[PDB]
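Note sheet for the following structure.
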Amino acid sequence: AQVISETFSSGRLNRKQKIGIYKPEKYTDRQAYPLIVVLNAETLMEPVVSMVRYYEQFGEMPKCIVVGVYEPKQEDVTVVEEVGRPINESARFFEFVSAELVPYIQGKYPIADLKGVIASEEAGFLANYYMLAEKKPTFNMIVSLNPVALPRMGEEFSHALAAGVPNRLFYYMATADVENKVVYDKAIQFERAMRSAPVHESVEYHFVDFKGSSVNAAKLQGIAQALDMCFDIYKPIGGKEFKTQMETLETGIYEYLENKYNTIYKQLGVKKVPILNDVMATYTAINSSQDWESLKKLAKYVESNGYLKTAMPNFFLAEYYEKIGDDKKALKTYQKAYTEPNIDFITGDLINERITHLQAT
Amino acid sequence: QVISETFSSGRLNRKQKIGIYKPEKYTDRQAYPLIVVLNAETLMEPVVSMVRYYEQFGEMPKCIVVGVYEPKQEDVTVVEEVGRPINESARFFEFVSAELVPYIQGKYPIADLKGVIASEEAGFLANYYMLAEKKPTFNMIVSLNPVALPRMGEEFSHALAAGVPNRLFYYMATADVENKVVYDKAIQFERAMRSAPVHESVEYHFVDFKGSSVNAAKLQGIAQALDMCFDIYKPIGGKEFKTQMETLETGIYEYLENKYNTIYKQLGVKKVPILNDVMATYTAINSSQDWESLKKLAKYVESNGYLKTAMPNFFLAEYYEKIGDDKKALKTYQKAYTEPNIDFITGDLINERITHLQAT
């Protein structure tokens, strides 16, 4: 877990800005990574980096690149009550992230279509204004932790949420009331005004109120929750999910697996190689409902991604030919699978038993 | 910086991979609380990052964190047939207690507060340090998503009722999403554990995360555990000031003193009183006009950390003005003029006090 510190020369800020960059363990440009920007990084950086590594080890998250901004000035992250939008110093910092920092990272690294931003306090409220971008969203993920807000600006963000985005917007806001009372009340007033209008379907909205909780402890839990829900589609298929969403399907079982990994690419901007757990879950569900059309499509699907060098694709296909009554193609296909390495319960011995049974008849 | 090293264990009869976190700005001049992480292949970095986080906000003292990486299945697993650590599980249990912890105590000035963070099987194994009859090795136990034996619930319930010599902070968390078999056993175990009333020396917390994924819950568990266990270390807030302090007619100094005594008792560290806490105490003292607290506050700050500043004599000199003695007030103000300025207390202000006394 190495965060490399460097200075970024900013035209808008007219100063050298300290930033730092986390790159995953094995790093190749052959794949793409989602970007997470941290404005508060003197505090928030290490908890964010440690938690994205944590989730990645459990396979709940893809490898990500995290870029922190260290110790921005108060005037940089503060939206004044008078105007109600970033101006002067705050406007310069606001655009510095959008027009300078992020494109710089996109040039230096293969950044995926998913780019998030995490901020707290004044910067946490400043981060909201990326929703109002006229051109095209810079951030598809906005995490606002204990923001210092302006209640009067709630209605304007309400319209933005109702309008929606071209693809997806994940918004997470958290606040805590303990020794926060002035700030806490303004946060609630702002949030109430923001949820006034119904939220567009392209937007996933989350507001968590931590009551009886200290601010700093709530912010940590906010990061954990936000990352969990935003990247949730990346999670492996669980037994409960399998028993519910899959085994209850009579047909279109392969489509469930495909839709999941398609949704992963749409939301997270990354192409995930199907994990053996997800493949076997699909295969088991296929057998229980006896839907063999999914089995044929599953065979070609795993052949396309990652399993080409394994006996599995032709084993699935050979079984499919048996189910539809073609022994001739099944025998030829089993013999083709035998020439490929074993994976899981697919073995040379098992394939041979199938071949022996077909040559007996 | 987390430094990994191999540790030769007599009880494990092998070389165990461990790692150690020393705080930034380390010194031998102070003691640090020890936190042991059994699951550290996962839990190490989040724990270290969060104690850093809390320390930066002044909600935690500097701490030393040690952890063991990837213990064997049989090491952390308590079997159903017994309900206690045996063989490989017993050796590992005594490994961290009788070897690892003393080893760290030899390298560094470890404070009296020691704690253990663990999850899954190890999380349940950590509950048995509560049963040690010699003397508690860990005063802090955090069990995150434990794999539990509900049969042992009553036995732990007796130990919770019995109590501990000084203090025991216990935290257990669990989550039901795709946990269904494990979650149910955890709930059953907790209900049996919570049956008997808890002793005063034990602070018990069980947080049930419903509709939450397991791994996400464990992260929040750590955040909450650290927050509540070290809570006494936190600065005095405005709400706490207007409530617990400004509403006191007398014994205002005792409130400040009791807080830092509790910090030393629970956390095993001596915290230099921060200026905000002192000023809050001083402010409440003036509002309630309790001068007896002012004199004791002057001696207290002189004894901890403020000796080199004009503040102790300034407080004492003011106490003399309030009590009616202008002779000692003048003499004390003159002593205060020599020591360096702190905050609003300055040579100029003191000089104003002196000339007023010399005029009369």
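Every chain in the structure tokens takes a letter, A first, then B, and so on in the order presented; its residues are numbered from 1, and the ligands are numbered from 1 following the presented order.
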- Task: Write out as a list in words each polymer residue whose atoms come within 9 Å of range 18-23 of chain B, counting only C-alpha atoms; drop sequence neighbours fewer than 6 positions from it.
- Result: residues 1, 2, 3, 4, 5, 6, 7, 40, 44, 48, 52, 62, 63, 64, 65, 66, 67, 68, 69 and 104 of chain B
- Message: For a quick test of understanding: name the residues of chain B lying within 12 Å of chain A when counting only C-alpha atoms, and present them as a ChimeraX atom specification.
- Response: /B:1-2,40-60,176-181,209,211-228,230-231,234-243
Contacts of residue 115 in chain A within 10 Å, only C-alpha atoms, excl. fewer than 5 positions in-chain, as a PDB file with N, CA and C atoms, in the first residue's frame:
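Below you can see part_30.pdb, which holds the result:
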```pdb
ATOM      1  N   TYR A  33      -8.828   1.128 -14.658  1.00  0.00           N
ATOM      2  CA  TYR A  33      -9.165   1.278 -13.248  1.00  0.00           C
ATOM      3  C   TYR A  33     -10.114   2.449 -13.028  1.00  0.00           C
ATOM      4  N   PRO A  34     -11.081   2.278 -12.116  1.00  0.00           N
ATOM      5  CA  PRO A  34     -11.935   3.395 -11.706  1.00  0.00           C
ATOM      6  C   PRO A  34     -11.139   4.392 -10.874  1.00  0.00           C
ATOM      7  N   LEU A  35     -11.453   5.676 -11.001  1.00  0.00           N
ATOM      8  CA  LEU A  35     -10.721   6.716 -10.286  1.00  0.00           C
ATOM      9  C   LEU A  35     -11.517   7.264  -9.109  1.00  0.00           C
ATOM     10  N   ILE A  36     -10.865   7.363  -7.955  1.00  0.00           N
ATOM     11  CA  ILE A  36     -11.469   7.999  -6.789  1.00  0.00           C
ATOM     12  C   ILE A  36     -10.623   9.181  -6.330  1.00  0.00           C
ATOM     13  N   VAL A  37     -11.213  10.371  -6.355  1.00  0.00           N
ATOM     14  CA  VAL A  37     -10.516  11.585  -5.943  1.00  0.00           C
ATOM     15  C   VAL A  37     -10.892  11.974  -4.515  1.00  0.00           C
ATOM     16  N   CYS A  64      -8.589  -0.138  -7.967  1.00  0.00           N
ATOM     17  CA  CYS A  64      -8.867   1.261  -8.267  1.00  0.00           C
ATOM     18  C   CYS A  64      -7.642   2.142  -8.067  1.00  0.00           C
ATOM     19  N   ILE A  65      -7.645   3.294  -8.729  1.00  0.00           N
ATOM     20  CA  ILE A  65      -6.614   4.299  -8.518  1.00  0.00           C
ATOM     21  C   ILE A  65      -7.193   5.442  -7.695  1.00  0.00           C
ATOM     22  N   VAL A  66      -6.522   5.779  -6.599  1.00  0.00           N
ATOM     23  CA  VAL A  66      -6.994   6.833  -5.713  1.00  0.00           C
ATOM     24  C   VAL A  66      -6.051   8.031  -5.741  1.00  0.00           C
ATOM     25  N   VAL A 102      -8.024  15.651 -12.857  1.00  0.00           N
ATOM     26  CA  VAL A 102      -8.596  14.436 -13.433  1.00  0.00           C
ATOM     27  C   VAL A 102      -8.088  14.137 -14.857  1.00  0.00           C
ATOM     28  N   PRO A 137     -20.868  14.665 -16.937  1.00  0.00           N
ATOM     29  CA  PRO A 137     -20.410  14.423 -15.567  1.00  0.00           C
ATOM     30  C   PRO A 137     -18.939  14.031 -15.490  1.00  0.00           C
ATOM     31  N   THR A 138     -18.199  14.734 -14.640  1.00  0.00           N
ATOM     32  CA  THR A 138     -16.825  14.374 -14.345  1.00  0.00           C
ATOM     33  C   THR A 138     -16.844  13.233 -13.343  1.00  0.00           C
ATOM     34  N   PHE A 139     -17.737  13.345 -12.366  1.00  0.00           N
ATOM     35  CA  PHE A 139     -17.865  12.329 -11.336  1.00  0.00           C
ATOM     36  C   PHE A 139     -19.220  11.632 -11.388  1.00  0.00           C
ATOM     37  N   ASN A 140     -19.183  10.309 -11.504  1.00  0.00           N
ATOM     38  CA  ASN A 140     -20.389   9.493 -11.472  1.00  0.00           C
ATOM     39  C   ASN A 140     -20.694   9.044 -10.054  1.00  0.00           C
ATOM     40  N   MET A 141     -19.747   9.304  -9.159  1.00  0.00           N
ATOM     41  CA  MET A 141     -19.880   8.942  -7.756  1.00  0.00           C
ATOM     42  C   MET A 141     -19.518  10.126  -6.870  1.00  0.00           C
ATOM     43  N   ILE A 142     -20.460  10.546  -6.035  1.00  0.00           N
ATOM     44  CA  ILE A 142     -20.224  11.653  -5.120  1.00  0.00           C
ATOM     45  C   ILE A 142     -20.515  11.230  -3.686  1.00  0.00           C
ATOM     46  N   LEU A 268     -19.398   0.263 -13.478  1.00  0.00           N
ATOM     47  CA  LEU A 268     -18.027   0.360 -12.976  1.00  0.00           C
ATOM     48  C   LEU A 268     -16.987   0.618 -14.065  1.00  0.00           C
ATOM     49  N   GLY A 269     -17.401   0.531 -15.324  1.00  0.00           N
ATOM     50  CA  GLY A 269     -16.506   0.790 -16.439  1.00  0.00           C
ATOM     51  C   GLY A 269     -15.382  -0.215 -16.634  1.00  0.00           C
TER      52      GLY A 269
END
```
Shell around range 14-28 of chain A at 7 Å using only C-alpha atoms, local window under 5 positions removed, as a PDB file with N, CA and C atoms, in the first residue's frame:
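out-v2.pdb was written with the following content:
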```pdb
ATOM      1  N   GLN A   2       1.274   1.681  -1.189  1.00  0.00           N
ATOM      2  CA  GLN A   2       2.120   2.858  -1.322  1.00  0.00           C
ATOM      3  C   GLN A   2       1.379   4.033  -1.946  1.00  0.00           C
ATOM      4  N   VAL A   3       1.322   5.136  -1.211  1.00  0.00           N
ATOM      5  CA  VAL A   3       0.788   6.376  -1.744  1.00  0.00           C
ATOM      6  C   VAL A   3       1.947   7.295  -2.109  1.00  0.00           C
ATOM      7  N   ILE A   4       2.132   7.523  -3.406  1.00  0.00           N
ATOM      8  CA  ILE A   4       3.246   8.332  -3.883  1.00  0.00           C
ATOM      9  C   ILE A   4       2.887   9.812  -3.929  1.00  0.00           C
ATOM     10  N   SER A   5       3.627  10.613  -3.170  1.00  0.00           N
ATOM     11  CA  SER A   5       3.377  12.043  -3.097  1.00  0.00           C
ATOM     12  C   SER A   5       4.108  12.793  -4.207  1.00  0.00           C
ATOM     13  N   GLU A   6       3.416  13.744  -4.823  1.00  0.00           N
ATOM     14  CA  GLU A   6       4.016  14.592  -5.844  1.00  0.00           C
ATOM     15  C   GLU A   6       3.318  15.947  -5.888  1.00  0.00           C
ATOM     16  N   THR A   7       3.968  16.926  -6.503  1.00  0.00           N
ATOM     17  CA  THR A   7       3.371  18.246  -6.651  1.00  0.00           C
ATOM     18  C   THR A   7       2.778  18.417  -8.044  1.00  0.00           C
ATOM     19  N   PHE A   8       1.587  19.000  -8.099  1.00  0.00           N
ATOM     20  CA  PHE A   8       0.932  19.289  -9.366  1.00  0.00           C
ATOM     21  C   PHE A   8       0.905  20.793  -9.589  1.00  0.00           C
ATOM     22  N   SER A   9       1.400  21.232 -10.741  1.00  0.00           N
ATOM     23  CA  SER A   9       1.387  22.652 -11.060  1.00  0.00           C
ATOM     24  C   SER A   9       0.048  23.023 -11.679  1.00  0.00           C
ATOM     25  N   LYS A  63      -9.745  -3.366  -8.709  1.00  0.00           N
ATOM     26  CA  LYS A  63      -8.598  -2.530  -8.383  1.00  0.00           C
ATOM     27  C   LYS A  63      -8.865  -1.099  -8.840  1.00  0.00           C
ATOM     28  N   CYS A  64      -8.589  -0.138  -7.967  1.00  0.00           N
ATOM     29  CA  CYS A  64      -8.867   1.261  -8.267  1.00  0.00           C
ATOM     30  C   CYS A  64      -7.642   2.142  -8.067  1.00  0.00           C
ATOM     31  N   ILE A  65      -7.645   3.294  -8.729  1.00  0.00           N
ATOM     32  CA  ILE A  65      -6.614   4.299  -8.518  1.00  0.00           C
ATOM     33  C   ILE A  65      -7.193   5.442  -7.695  1.00  0.00           C
ATOM     34  N   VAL A  66      -6.522   5.779  -6.599  1.00  0.00           N
ATOM     35  CA  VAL A  66      -6.994   6.833  -5.713  1.00  0.00           C
ATOM     36  C   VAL A  66      -6.051   8.031  -5.741  1.00  0.00           C
ATOM     37  N   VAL A  67      -6.605   9.209  -5.999  1.00  0.00           N
ATOM     38  CA  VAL A  67      -5.815  10.433  -6.030  1.00  0.00           C
ATOM     39  C   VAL A  67      -6.302  11.417  -4.975  1.00  0.00           C
ATOM     40  N   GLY A  68      -5.472  11.670  -3.969  1.00  0.00           N
ATOM     41  CA  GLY A  68      -5.819  12.632  -2.942  1.00  0.00           C
ATOM     42  C   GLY A  68      -5.290  14.034  -3.181  1.00  0.00           C
ATOM     43  N   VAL A  69      -5.988  15.019  -2.627  1.00  0.00           N
ATOM     44  CA  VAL A  69      -5.540  16.406  -2.654  1.00  0.00           C
ATOM     45  C   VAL A  69      -5.256  16.845  -1.224  1.00  0.00           C
ATOM     46  N   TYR A  70      -3.993  17.126  -0.926  1.00  0.00           N
ATOM     47  CA  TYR A  70      -3.584  17.355   0.456  1.00  0.00           C
ATOM     48  C   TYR A  70      -3.710  18.807   0.899  1.00  0.00           C
TER      49      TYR A  70
END
```
- Message: Considering only helix (DSSP H, G or I) as DSSP defines it on the backbone, what residues of range 109-227 of chain A qualify? List them as an MDAnalysis selection string.
- Response: chainID A and resid 121:132 151:163 181:194 215:227
- Query: What separation in Å, quoted to one decimal, exists between CA of residue 351 in chain A and CA of residue 338 in chain A?
  - Reply: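 Computing it gives 6.4 Å between the two atoms.
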- Find the distance between CA of residue 143 in chain A and CA of residue 38 in chain A and write it in Å to one decimal.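 Separation of CA of residue 143 in chain A and CA of residue 38 in chain A: 9.7 Å.
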- When you draw a straight line from CA of residue 306 in chain B to CA of residue 355 in chain B, how long is it in Å?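 For CA of residue 306 in chain B relative to CA of residue 355 in chain B, the distance reads 25.2 Å.
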- Name all residues at most 6 Å from range 188-192 of chain B (count only C-alpha atoms; drop same-chain ones fewer than 4 positions away) and give them as a list in words.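 Once the adjacent positions are removed, what remains is residues 150, 153 and 154 of chain B.
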Writing out the chosen residues with N, CA and C atoms as an mmCIF file, in the first residue's frame:
```
data_model
loop_
_atom_site.group_PDB
_atom_site.id
_atom_site.type_symbol
_atom_site.label_atom_id
_atom_site.label_comp_id
_atom_site.auth_asym_id
_atom_site.auth_seq_id
_atom_site.Cartn_x
_atom_site.Cartn_y
_atom_site.Cartn_z
ATOM 1 N N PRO B 150 -23.103 -21.241 20.308
ATOM 2 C CA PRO B 150 -24.146 -20.704 21.193
ATOM 3 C C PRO B 150 -24.192 -21.385 22.560
ATOM 4 N N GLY B 153 -22.448 -19.520 25.511
ATOM 5 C CA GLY B 153 -22.999 -18.225 25.867
ATOM 6 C C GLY B 153 -23.127 -17.974 27.358
ATOM 7 N N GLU B 154 -23.610 -18.973 28.090
ATOM 8 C CA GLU B 154 -23.826 -18.827 29.524
ATOM 9 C C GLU B 154 -22.512 -18.706 30.290
#
```
- Exercise: residue 270 in chain B partners within 10 Å, only C-alpha atoms, chain neighbours under 6 positions left out, as a count of residues only: 10
- Rank nothing, just name the residue among A:280, A:169, A:91, A:133 nearest to residue 79 in chain A, using only C-alpha atoms.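 Nearest candidate to residue 79 in chain A out of A:280, A:169, A:91, A:133: A:91.
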